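> here's my sequence, what's the structure:
(2 chains)
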Amino acid sequence: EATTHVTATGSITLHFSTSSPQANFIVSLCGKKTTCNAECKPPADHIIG
Amino acid sequence: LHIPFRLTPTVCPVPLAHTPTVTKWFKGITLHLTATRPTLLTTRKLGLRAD
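Numbers count the residues shown, from 1 in each chain, chains lettered A, B, ... in the order given. Below is the structure in question.
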């Protein structure tokens, strides 16, 4: 998602696709930068469409 | 003198083969192919080298 809706004191969920075993990347919500940092698991599906 | 029976383009049906069963294993696939009549399979990689 590119554009989100931000009202007050809430939470928004978003989906990302990454090619690294670690998700250590900066997300800019509407101007503010945060460092999302955790570990990603290899997929169980071998072939995708 | 006119030679009759011109080649007209015409829509015409062709058989549809059995839908393959694809088993997925790491960096590869296995197609289980059943065809009563000879059927053409054509594969190519989508990179620089299309084998």
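
> please name the nearest non-neighbouring residue to the residue of chain A found nearest chain B.
Here chain A gets closest to chain B at one residue, residue A:47, 3.8 Å apart by CB to the nearest CB. The way it works is simple: take the backbone N, C-alpha and C, and place the C-beta from them, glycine included. Leaving aside its sequence neighbours, residue A:47 sits nearest to residue B:24 (CB to CB, 6 or more residues apart in numbering or on different chains; 3.8 Å).

> and the one you found, its phi and psi?
Backbone torsions for residue B:24, taken as degrees, to the nearest 10, come to phi -100, psi 130.

> residue contacts, it?
A:45, A:46, A:47 (CB atoms under 8 Å, 6 or more residues apart in numbering or on different chains).

> need these in a markdown table with neighbour count and secondary structure, can you?
Compiled in a markdown table, the contacts of residue B:24 are given as follows (neighbours: other CB atoms under 10 Å in any protein chain shown; DSSP: H, G, I helix; E, B strand; the rest coil):
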| residue | neighbour count | secondary structure |
| --- | --- | --- |
| A:45 | 7 | coil |
| A:46 | 12 | coil |
| A:47 | 13 | coil |
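
> perfect, that will be all.
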